[PDB]
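Side-chain atoms are counted along with the backbone in the values below, which use heavy atoms only and exclude waters and symmetry mates. Heads up: numbering here begins at 1 and tracks the sequence.
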Amino acid sequence: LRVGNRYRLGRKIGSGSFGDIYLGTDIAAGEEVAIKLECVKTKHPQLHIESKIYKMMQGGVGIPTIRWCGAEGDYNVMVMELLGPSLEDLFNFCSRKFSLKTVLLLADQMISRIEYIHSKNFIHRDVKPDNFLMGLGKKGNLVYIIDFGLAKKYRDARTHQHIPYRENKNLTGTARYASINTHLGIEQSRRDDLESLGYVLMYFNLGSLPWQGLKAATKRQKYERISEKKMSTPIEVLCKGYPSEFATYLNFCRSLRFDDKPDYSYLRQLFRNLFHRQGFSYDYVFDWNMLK
Ligand SMILES: CN(C)CCCS(=O)(=O)N[C@H]1CC[C@@H](n2cnc(-c3ccc(F)cc3)c2-c2ccnc3[nH]ccc23)CC1
C-alpha cells in the first residue's frame, strides 16, 4: 500500500507501547524506513502526541529522524529512518550474556541518550532494553532511544519549574526495571530513568534479575512481589561478583532527590574509569559484532 505518496508499506516487524511497526521503503530516495500505524478511530489517540515529542528531540545524537507524519485511510502514520535490532534482541541473540566491555560501551551512550531527553524537559519512564535500538550501516556503533508513548514533561520549558511531588500513581512502565520510588507510587522524575538504566545494566551483567519470573494471581500482585524482592535485595547483593561501579551507580540514583538534576558526567566517568582500568579501547566492537 502507498503511504504519503513516496512510502511503500512492508510487513509488520513488531509492536510499540501503542500502535504497530512496519518495515517500508522510501521509493523516491531508495532507503528502507520504519512506519508506525495507529487506527484513526482508536479511543486513546497518541501517535500525534508522540510525533510532537520526536520533533522536539530531532538533531540529537541517538534520536531517530522523522521522515513524514500524516493520516492515510484508516491510519495516523509516522515514518522514521530504519534502525537495527533492540538490545533485548541482540542480548537474546548473544545467549543473554554480554561481556563487561559491551555493557560499559552501552552504558556510556545510554546515560547520554537519557541526559539528552532530560535536556528537552521530558522523562522517558520506560527505560528497558527494547527501547534502545542499534543503528544500521555507518550508524551501527550508535545506541538510539525510541518510544515516547509513556514519556512526560517534568519541567516547564520556559520556567524550568519541576512538576510537583505526587504519590498514589499506577506503575505505568515495565515492572522489572521500575525504580523503588515508582513501586512506592511516587511520581517518576529524572532519577527514576537513571535507576532503571541501572537495573538494565545489571540485567545485562547477570542474564536476568532476582525479581524476574515471580508467580502470582494477578498483574497487581506480581508488581507487589517485585517491589518486595527489590526492596529486600541490598544493592551490594544484586551486584556481588561485578565491578563496584554498578553498585556505586545504583546507590547514587537511590540517593537523588525527586527534583535533583543528576550528575550524568560523574556516572559516565564512573564507567569510563573502569573501562580504562580493564584496558578496553572505545572501538565499538560489541559482542554481536564478533559473531560469524
Ligand atoms: C514479546 N515480543 C513479541 C514483543 C517485543 C516488542 S518488539 O515489537 O519485538 N520490539 C521491536 C519492534 C520495532 C521497534 N520499534 C518500535 N517502535 C518503533 C517505531 C517505528 C517508527 C516510528 F515512527 C516510531 C517508532 C520501532 C522501530 C523499528 C525499526 N526501526 C525504527 N526506527 C525508528 C523506530 C524504529 C522496537 C523493537
Side-chain angles (χ1 to χ4, degrees), residues 1-90 109-110 112-140 142-154 157 172-174 188 193:
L1 267 168
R2 195 169 297 100
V3 158
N5 264 326
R6 76 178 276 166
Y7 305 103
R8 169 220 182 78
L9 183 136
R11 295 275 283 172
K12 191 182 204 301
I13 63 166
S15 175
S17 186
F18 63 87
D20 288 326
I21 318 294
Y22 297 73
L23 180 142
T25 312
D26 187 358
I27 291 307
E31 315 279 358
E32 288 293 289
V33 295
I35 313 180
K36 191 159 167 141
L37 286 196
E38 176 205 64
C39 281
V40 291
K41 281 214 150 187
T42 203
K43 288 182 186 175
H44 324 293
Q46 305 195 44
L47 191 60
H48 176 88
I49 291 149
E50 225 199 335
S51 91
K52 287 215 297 174
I53 297 161
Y54 279 113
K55 252 148 184 175
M56 293 284 321
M57 306 290 171
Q58 287 303 287
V61 160
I63 305 298
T65 308
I66 292 168
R67 296 296 175 217
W68 190 78
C69 313
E72 286 268 351
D74 293 296
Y75 296 103
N76 301 307
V77 182
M78 190 148 58
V79 182
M80 290 282 183
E81 74 163 342
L82 181 68
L83 293 172
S86 76
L87 291 183
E88 187 54 49
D89 297 340
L90 293 170
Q109 291 205 38
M110 293 169 87
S112 281
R113 300 303 158 268
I114 290 183
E115 173 183 3
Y116 179 76
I117 291 175
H118 292 170
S119 85
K120 292 297 169 183
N121 316 316
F122 278 85
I123 55 171
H124 195 276
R125 299 199 319 186
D126 203 29
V127 175
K128 72 180 167 146
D130 262 319
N131 283 333
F132 297 88
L133 279 52
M134 301 304 291
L136 298 165
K138 319 204 217 203
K139 318 281 176 143
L142 258 188
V143 201
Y144 286 72
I145 187 164
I146 65 147
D147 208 322
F148 292 99
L150 291 171
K152 187 211 209 175
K153 264 188 168 86
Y154 72 88
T172 205
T174 304
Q188 295 195 46
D193 282 347

Any side-chain heavy atom of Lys55 sitting closer than 4.5 Å to one from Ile66? yes
In sequence, state the C-alpha distance, the side-chain angles, and the governing distance for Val33 and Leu23, and then conclude on side-chain contact (heavy atoms from CB on, under 4.5 Å). CA-CA 6 Å; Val33 295; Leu23 180 142; over 6 Å; no
Are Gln109 and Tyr144 close enough that some pair of their side-chain heavy atoms sits under 4.5 Å apart? no
Can you tell if the side chain of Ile49 reaches within under 4.5 Å of the side chain of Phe148, non-hydrogen atoms only? no
Do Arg113 and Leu142 come close enough that some side-chain heavy atom pair is under 4.5 Å? yes
Return yes when atom NZ of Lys139 has more than 12 non-hydrogen atoms of other residues, nucleotides or ligands closer than 6.0 Å, and no otherwise. no
What's the spacing between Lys36 NZ and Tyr22 OH if we round to 0.5 Å? 12.0 Å
Nearest atoms (heavy-atom pairs only) where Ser51 meets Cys69: CB-SG, 4.2 Å
Show me the donor-acceptor pairs within less than 3.5 Å that the side chains of residues 72-80 make with the rest of the protein, sequence neighbours left out.
{"residue": "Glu72", "atom": "OE2", "partner": "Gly4", "partner atom": "N", "Å": "3.1"}
{"residue": "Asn76", "atom": "ND2", "partner": "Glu38", "partner atom": "OE1", "Å": "3.1"}

Residues two or more places apart in sequence or in another chain: which of them pass side-chain hydrogen bond (donor to acceptor under 3.5 Å, both in side chains) with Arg8? none
Take the angle between the ring planes of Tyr7 and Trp68 and call it parallel below 30°, perpendicular above 60°, tilted in between. tilted
Got a second to check how far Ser119's OG is from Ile114's CD1, nearest 0.5 Å? 12.5 Å
Note, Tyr116 side chain near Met57 side chain (heavy atom, < 4.5 Å): yes
Walk me through whether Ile21 and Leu37 qualify under side-chain contact (heavy atoms from CB on, under 4.5 Å). CA-CA 7 Å; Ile21 318 294; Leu37 286 196; over 6 Å; no
Apply side-chain contact (heavy atoms from CB on, under 4.5 Å) to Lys12 and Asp20, showing your working. CA-CA 7 Å; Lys12 191 182 204 301; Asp20 288 326; 2.6 Å; yes
Enter the distance from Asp130:CG to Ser15:OG here, rounded to the nearest 0.5 Å. 10.5 Å
Heavy-atom side-chain contact between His118 and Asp193 under 4.5 Å: yes
Within this structure, what is the SG-NE2 distance for the pair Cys39 and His44, rounded to the nearest 0.5 Å? 12.5 Å
If you look only at distance, which donor and acceptor atoms sit under 3.5 Å apart when one is on a side chain in residues 120-127 and the other is two or more places apart or in another chain?
{"residue": "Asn121", "atom": "OD1", "partner": "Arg155", "partner atom": "NE", "Å": "2.8"}
{"residue": "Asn121", "atom": "OD1", "partner": "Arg155", "partner atom": "NH2", "Å": "3.3"}
{"residue": "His124", "atom": "ND1", "partner": "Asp126", "partner atom": "N", "Å": "3.4"}
{"residue": "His124", "atom": "ND1", "partner": "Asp126", "partner atom": "O", "Å": "3.4"}
{"residue": "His124", "atom": "NE2", "partner": "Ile146", "partner atom": "O", "Å": "2.9"}
{"residue": "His124", "atom": "NE2", "partner": "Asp147", "partner atom": "O", "Å": "2.8"}
{"residue": "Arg125", "atom": "NE", "partner": "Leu150", "partner atom": "O", "Å": "2.8"}
{"residue": "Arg125", "atom": "NH2", "partner": "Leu150", "partner atom": "O", "Å": "2.8"}
{"residue": "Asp126", "atom": "OD1", "partner": "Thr174", "partner atom": "N", "Å": "3.2"}
{"residue": "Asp126", "atom": "OD1", "partner": "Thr174", "partner atom": "OG1", "Å": "2.9"}
{"residue": "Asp126", "atom": "OD2", "partner": "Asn131", "partner atom": "ND2", "Å": "3.3"}

Give a yes or no on this: more than 12 heavy atoms of other residues, nucleotides or ligands lie within 6.0 Å of atom CG of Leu136. yes
Applying side chain to side chain contact (heavy atoms under 4.5 Å, CB included) between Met134 and each of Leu90, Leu83, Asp89, report the one that passes. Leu90
Looking only at side chains, do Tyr54 and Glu50 share a donor and an acceptor under 3.5 Å apart? yes
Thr172: partners by side-chain hydrogen bond (donor to acceptor under 3.5 Å, both in side chains), with sequence neighbours left out: none
List the residues meeting side-chain contact (heavy atoms from CB on, under 4.5 Å) with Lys43, not counting sequence neighbours, and say none if there are none. none
Please name all residues satisfying side-chain hydrogen bond (donor to acceptor under 3.5 Å, both in side chains) with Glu32, sequence neighbours left out, ordered by chain then number. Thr25
Under the criterion side-chain contact (heavy atoms from CB on, under 4.5 Å), I'd like the reasoning laid out for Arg67 against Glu81: C-alpha separation, chi angles, the key distance, then a yes or no. CA-CA 7 Å; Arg67 296 296 175 217; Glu81 74 163 342; 3.2 Å; yes
